Structure formats: C-alpha cells, structure tokens
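Residue numbers (PDB author numbering), protein chains in the order written: chain A, 1 to 149; chain A', 1 to 149; chain A'', 1 to 149. A prime marks a further copy of an entry chain.
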Amino acid sequence: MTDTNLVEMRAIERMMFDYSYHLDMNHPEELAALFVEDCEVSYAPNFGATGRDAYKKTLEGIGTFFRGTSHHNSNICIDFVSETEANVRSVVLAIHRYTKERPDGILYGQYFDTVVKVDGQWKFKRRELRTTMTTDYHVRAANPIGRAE
Amino acid sequence: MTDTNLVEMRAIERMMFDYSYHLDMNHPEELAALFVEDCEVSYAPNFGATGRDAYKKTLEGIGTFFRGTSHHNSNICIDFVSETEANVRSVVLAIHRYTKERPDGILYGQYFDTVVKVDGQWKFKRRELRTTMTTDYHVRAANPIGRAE
Amino acid sequence: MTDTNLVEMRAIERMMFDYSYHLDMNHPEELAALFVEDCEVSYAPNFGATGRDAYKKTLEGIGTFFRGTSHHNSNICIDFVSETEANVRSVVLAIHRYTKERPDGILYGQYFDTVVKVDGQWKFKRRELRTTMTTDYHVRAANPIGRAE
Ligand SMILES: [Mg+2]
Ligand SMILES: [Mg+2]
Ligand SMILES: [Mg+2]
C-alpha cells in the first residue's frame, strides 16, 4: 500500500547509499552483505558476475588501484513489483583517484537494478550499469544507455 | 494533507527524473509529453519558449550537437500551492559531450519550476533555469541566480 | 512513528537544501539561522567553530574569495534519535569558482551531522565534514573519511 511503498522507498535508497558509502570506504564485506547469493551484476557485455562469490571477486583491488573514490547517487526511480521486490533506475557520478599517476577517472552512469527484501533487509538481486560516458577512465568496455540516434 | 503531500513529492521527483532520463536518451517526444500546452520555459532573459510547440523546437539538435549528456538532479525542494500545483526549486549538474571536438561542457544550475497535476500526471507548467556557473559551455546568455554581492 | 519519521526526513532534507542554496547565494544570515547557539562545526582536526558566533565568522569572505559556488547534496541517510534529534550522513559535491585566477576548486565530501528540531524548525547542532578528496582546492587540512587500507 501507500504507507508500505513510502517506507520501503526510503529503505531502498538508504541501502543504495550504504552501498556507495562502503564502496568509498573500501569495505568489501559490507558491500557483499548487500547482495543475495543468487545475484547478477553486469558492467559490460562481457564483464560482470554471476553469484555473490564472483561479485566479491570484482571488489578485489579497490584499496590498491585507487587512493579514493566518491560516488554520488541521484535521480532514483523505484517501481515496486511487490512489497519485497522492486525495480530501480538511477543516475551515478563516480570519481576515481588512482594510485598510479593519471587524471581522476569519471564515470557518468545509470543503474538498472532489481532489489529484494529478505529478513528485513533490502539487497541487490541484479545490478546493470549502463555507461552514459566517461572521462579519463580505466574501463573501456561498457553497456550503452541506448541513446536514440 | 500529509499523506497526499508525501506521495505527490515522490511523483513530482519521479517526473523530474523521467525528464532528465529521456533528455539523456534523446527522446524529445517523451520530454514534450511532460509539459502542458500553455507552458513557459526560460533559459535566459532573451531565450526560452512560450507554449509547448515552441518548447518542442528547443529540443531540435539534441541528437546531432551532442554525443551524450548526463543530468544529475538533486536538492529538490517542493512547496505545494494545492494538491495539483507545486513550486519546486532544485539543483542540476549537466555534462555535455559535444559532437564537435571540444571539452565537455558543464552546467551548474538551479531550476525554479511550477508543476501541475493533470489526469493523474505531473507536468511542467513553467521552468526557469538559473545558471550558477558553467565550464567550457556552449551557451553564453543566462538567467543569474541572484547571488548577493 | 512512521508518519513522523517520513515527514521529518523531508523537513531535514529541505533544511539541508535550504542551507546549500543560501550558501551558493551568499546569504550568511540565513545560514546562521539554521544553527543552534550551542553548535559545533568541524572542517579539520584544527579547524572549525564552537558556537554560533564562531560559525558566523567562518562565513566571512564567501562573497569576496569566490565568484560562485555550487553545492550538490545527495546520498542522505537519516537515523532518528528521537522525533526532535537525528543523526545524518550525506555526500557533497561542492564546486568553487575563485575570485583569483585559478582553476575551479572541487570538494568531494561526506557530512556527518546532528540536527535538532526547535520551535518547528530543524537546525544543525553539529556538522562534521570529512573530505574524501579534493581537486585544485584552497584548503589543505581535512578530516579524513577513514577509508580502509
Ligand atoms: Mg561462501
Ligand atoms: Mg500540435
Ligand atoms: Mg549575538
């Protein structure tokens, strides 16, 4: 209902923010706690993770290849399938300060997510990053946003 | 009432996000569907649109002059006139990757909007962009924010 | 309760946005009206303000040292202590266009705040800025975010 939808929108947004916080803090175990076992992550047509352990592996090196990151998540649009499943579209600005000497790398992106509520906690079941564009960035492959020509 | 205000704040924000999404996707018809016929848009003291058809014309070339854009909308403040009319103030970060060879153009702005609810959908009745500042941008004229000196 | 929490989350966010607006507008008296007398502000281990008058002093020169600023506040996480006291964590992107000839200065930060509700208005009781990183910026000292190594 209305009440349920409003409260859960807040909870979903909070989880997404906790995710970005723990990412900028280099807390990979906290990050993995926000994904179900049977998850999928897609960062490019030939790059992602199937299942939580594979996802954990994608987190390796956050602490070593970057001196810092800053994630700014906005434009969050939530459509409930049910009270324990929602589809989310959002915008991300992610700045990366590398450990190697090179300009900061900027990702302008969209996330297409499905989140599920389990034992009182929202978690990611699927995340699909679509890359709007990048600057001085370290990843070449990407899922396009599908901009009309 | 309280309940009404909360639900409609979510709906207004969703519409604003759908707008920015369809803009970054180069979907001008979806954009125009989010404006009433009797709308006004102001981007500079001598630049805007009176009525929806004129607004549609301002969308020409999105696909040709830019390879991509990314809009990040935040700091959304909503004051209800009534349950079907609200005044909104918000902040925008808009990055533009040009089709011509030149640095990305950055707009730091404020939107002063009036939105109205018609047949279940929020739409823009007025948008006024105030330009806080810009970098490497393609538009010179602007409405100032009115910063105190 | 639920209803209270939702309404007050909106009010707290609104206050935070009003703060950033008045800051970008160079309105120091409006800013100071959003702090209690017995406040604390921490921007670095050896830099801040104890009490509202000291805070007011930190606002001196906004109009003179910058031609403009733009603050984008996102990722707002609110934990209520009570219905009139909350702890907030948020992300900030703050761009500064200097009056002196130098590149824009960018702050990527986190705010750790305690807000209190007094006579119907949320106000800051404590703000602690943690600096994720900066670019071409004018402040060297900072409170670290505490990123895991
Ligand atoms: Mg295991
Ligand atoms: Mg017609
Ligand atoms: Mg006094």
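Ideal Cβ positions, reconstructed from N, Cα and C, are used throughout, including at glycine.
For residue i, the three-state DSSP class (helix, strand or coil)
i, result
"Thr-131/A", "strand"
"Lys-57/A''", "helix"
"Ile-145/A'", "coil"
"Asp-113/A''", "strand"
"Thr-4/A''", "helix"
"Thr-69/A''", "strand"
"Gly-105/A", "strand"
Among the options, the one whose alpha carbon lies nearest that of residue i
i, options, result
"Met-1/A'", "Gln-121/A', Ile-145/A', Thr-84/A', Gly-51/A'", "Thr-84/A'"
"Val-81/A", "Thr-114/A, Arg-89/A, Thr-50/A, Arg-52/A", "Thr-114/A"
"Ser-42/A", "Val-91/A, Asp-3/A, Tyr-111/A, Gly-61/A", "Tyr-111/A"
"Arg-89/A", "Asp-3/A, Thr-4/A, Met-9/A", "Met-9/A"
"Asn-75/A", "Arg-14/A', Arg-130/A', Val-36/A', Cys-77/A'", "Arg-14/A'"
"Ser-20/A''", "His-71/A'', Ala-32/A'', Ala-86/A''", "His-71/A''"
"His-138/A''", "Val-91/A'', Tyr-98/A'', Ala-49/A'', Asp-119/A''", "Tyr-98/A''"
"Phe-124/A", "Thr-50/A, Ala-44/A, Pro-144/A, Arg-102/A", "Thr-50/A"
"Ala-142/A''", "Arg-126/A'', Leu-107/A'', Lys-117/A'', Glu-149/A''", "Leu-107/A''"
"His-27/A''", "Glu-37/A'', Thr-64/A'', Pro-45/A''", "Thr-64/A''"
"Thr-69/A'", "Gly-48/A', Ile-95/A', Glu-60/A', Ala-86/A'", "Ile-95/A'"
"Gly-146/A'", "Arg-130/A', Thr-134/A', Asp-136/A'", "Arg-130/A'"
"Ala-54/A'", "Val-36/A', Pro-45/A', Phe-66/A', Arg-67/A'", "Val-36/A'"
"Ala-148/A'", "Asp-24/A'', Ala-33/A'', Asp-104/A'', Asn-73/A''", "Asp-24/A''"
"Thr-134/A'", "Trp-122/A', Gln-121/A', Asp-104/A'", "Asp-104/A'"
"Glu-40/A'", "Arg-126/A', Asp-136/A', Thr-132/A'", "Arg-126/A'"
"residue 169/A'", "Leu-6/A', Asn-87/A', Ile-12/A', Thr-4/A'", "Chain A' is shown only over 1 to 149; residue 169/A' falls outside these bounds and no answer can be derived."
"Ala-33/A''", "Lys-100/A'', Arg-102/A'', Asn-87/A'', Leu-59/A''", "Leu-59/A''"
"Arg-102/A''", "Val-116/A'', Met-16/A'', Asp-136/A'', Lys-57/A''", "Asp-136/A''"
"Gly-109/A", "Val-116/A, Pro-144/A, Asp-119/A", "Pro-144/A"
"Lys-56/A'", "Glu-30/A', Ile-78/A', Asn-46/A'", "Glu-30/A'"
"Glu-128/A''", "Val-92/A'', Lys-100/A'', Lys-117/A''", "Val-92/A''"
"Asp-18/A", "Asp-119/A'', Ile-78/A'', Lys-117/A''", "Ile-78/A''"
"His-22/A''", "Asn-5/A'', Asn-46/A'', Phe-47/A'', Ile-62/A''", "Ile-62/A''"
"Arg-140/A", "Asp-3/A, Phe-47/A, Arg-52/A, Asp-38/A", "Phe-47/A"
"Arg-52/A'", "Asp-38/A', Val-7/A', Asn-87/A'", "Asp-38/A'"
"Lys-100/A", "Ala-44/A, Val-7/A, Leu-6/A, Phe-66/A", "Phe-66/A"
"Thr-132/A''", "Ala-44/A'', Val-7/A'', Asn-5/A''", "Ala-44/A''"
"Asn-73/A'", "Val-116/A', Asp-119/A', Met-16/A', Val-118/A'", "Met-16/A'"
### Query
Mind pulling the alpha helix (DSSP H) runs of 4 or more residues that sit fully within the segment 7-52 of chain A''?
Entirely contained in the segment 7-52 of chain A'', the alpha helix (DSSP H) runs reaching 4 residues are, in chain order, 28-32.
### Residues of the segment 69-92 of chain A'' with Cβ closer than 9 Å to any Cβ of chain A, in chain order
Within the segment 69-92 of chain A'', the qualifying residues are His-72, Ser-74, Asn-75, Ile-76, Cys-77, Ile-78, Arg-89, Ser-90, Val-91, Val-92.
### Message
Counting only Cβ-Cβ distances shorter than 9 Å, please list the residues of the segment 133-148 of chain A near chain A', keeping chain order.
### Response
From the segment 133-148 of chain A, only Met-133, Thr-135, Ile-145, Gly-146, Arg-147, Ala-148 have a Cβ closer than 9 Å to chain A'.
### Task
Give the residues from the segment 6-34 of chain A' that approach chain A'' closer than 9 Å (Cβ to any Cβ), ordered along the chain.
Correct list: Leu-6, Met-9.
### Message
Which residues of the segment 101-121 of chain A'' have a Cβ closer than 9 Å to any Cβ of chain A? Give them in chain order.
### Response
Only those residues of the segment 101-121 of chain A'' whose C-beta falls short of 9 Å from the nearest C-beta of chain A are listed: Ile-106, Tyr-108, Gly-109, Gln-110.
### Task
Scan the segment 53-65 of chain A for residues whose Cβ lies nearer than 7 Å to a Cβ of chain A'' and list them as they occur along the chain.
Close to chain A'', meaning a Cβ-Cβ distance shorter than 7 Å, are the following residues of the segment 53-65 of chain A: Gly-63.
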